[PDB]
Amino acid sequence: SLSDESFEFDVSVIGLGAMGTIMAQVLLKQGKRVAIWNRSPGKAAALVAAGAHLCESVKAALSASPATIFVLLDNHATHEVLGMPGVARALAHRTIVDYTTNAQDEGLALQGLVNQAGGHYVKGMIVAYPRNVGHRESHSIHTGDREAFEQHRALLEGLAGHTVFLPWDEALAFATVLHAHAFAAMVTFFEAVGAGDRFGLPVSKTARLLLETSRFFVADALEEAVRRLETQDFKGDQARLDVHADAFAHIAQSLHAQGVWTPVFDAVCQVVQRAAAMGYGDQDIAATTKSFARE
């Protein structure tokens, strides 16, 4: 900020594959002065046409802006970029925001490297498909250097309207279980729709009805489960676990009689039957949560 006059750019983006390309476009559309570097003729040309400044090198892109967003093929690609001529020197006093998919140990080594050079390392996860980068309702998770993340938070909010910083080990864990739920929820939908087909319900009319008829019920059920988990109130006043176990077995049986393969639903039945066998039968269905506990 004392450095504001020194920078002709707000942000640099390195790597212009689909995700990096959309991030750069969104940021240009929002009015940021964006500098880029890549190895991609197609991708760099459209971005230049849209107002991005093409830099001659990684080191120039790092120098051009107070933060550089990295979106690269893999960890090998990240280290290669960082090893290039004069890059170490150009990291000093810059924040790297790393959206590249990474193994858990690898991030700490990258953080170390960037820090060793006097830069700041932020790891980002964007909970969105490229089409929703920049969306007011999209979410991201960031970890690494809290101070650098706060410095650049408004910028990064350009990529996903809602963001949260968590410390390293919580961020990775949270992203893991968040994506397990989000992707599993999608697949339960594919499985039920596919199962509809075996009943003679065509996927093309049934999918929209299935979504529209379940939307409120599921959302209201999850919201209520959260309220109970927060209050630790598992009273079986409304939705007994054992009653659900009964219902689930009935559903699984009609599915089996029709000859449908529903491994996800079978697994769901396994979980709740087991919670029932563990003493949770007379509690609210949200007590299923506790059946996973170590204690």
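A residue's number is simply how far along the shown sequence it sits, counting from 1.
For the pair 36-44 and 55-63, the mean B factor over Cα atoms is greater in 36-44. The mean C-alpha temperature factor is higher for 226-234 when 226-234 and 24-32 are set side by side. Residue-level inspection of the entry shows that, of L73, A182, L210, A171, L73 has the top Cα B-factor. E137: CA B factor in the middle third of modelled residues in this chain (values from the PDB entry).
Annotation for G86: C-alpha temperature factor in the highest third relative to the rest of the modelled chain, per the entry. Among the modelled residues of its chain, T262 has a C-alpha B-factor that falls in the middle third according to the deposited record. Ranked against the other modelled residues of its chain, the C-alpha B-factor of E147 as given in the entry falls in the lowest third. In the PDB entry, a CA B factor belonging to the highest third of its chain's modelled residues is recorded for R198.
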